[PDB]
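So this first bit is one chain, no partners, the form deposited in one PDB entry, shown in structure tokens.
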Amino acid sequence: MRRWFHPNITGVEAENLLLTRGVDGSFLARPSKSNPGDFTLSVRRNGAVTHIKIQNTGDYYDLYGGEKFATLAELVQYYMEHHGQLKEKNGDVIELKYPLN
């Protein structure tokens, strides 16, 4: 739903927040600089932060592949509930565990 969304932050303030007040599995979503309109999930795992690109085609949201969603909040809820399905690049499963509010 809402509190893990941070309109207010840069990629670097996202890594700050997650490394000082996060734990592994902490995540937030934030507007993208790499492509406006889109958003990006900054996820903490193994002490580091990964940034995953969320596509907004204006017709649905996805992770440039995968299941399609009408809303951002629905995308994040599916991946919180469905633990094996978010994988970045090298098939590496990433757990969306603890929202960084």
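Residues carry their position along the shown sequence, with the first being 1.
If you look for the form solved in complex with a partner chain, you will not find it shown, but the lines that follow are about it.
Within 4.5 Å of its partner chain in the deposited complex, all of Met80, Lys97 and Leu100 (non-hydrogen atom) | Not one of the three qualifies.
Quick one: is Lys68 in contact with its partner chain in the deposited complex, heavy atoms, 4.5 Å cut-off?
-> So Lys68 does not count as contacting its partner chain.
Within a 4.5 Å heavy atom cut-off, is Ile52 in contact with its partner chain in the deposited complex?
-> Yes, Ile52 sits close enough to its partner chain in the deposited complex that at least one of its heavy atoms falls within 4.5 Å.
Just to confirm, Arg44 within 4.5 Å of its partner chain in the deposited complex by heavy atoms?
-> The answer is no: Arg44 has no heavy atom within 4.5 Å of its partner chain.
Do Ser26 and its partner chain come within 4.5 Å of each other in the deposited complex, heavy atoms counted?
-> Because no heavy atom of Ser26 falls inside 4.5 Å of its partner chain in the deposited complex, the answer is no.
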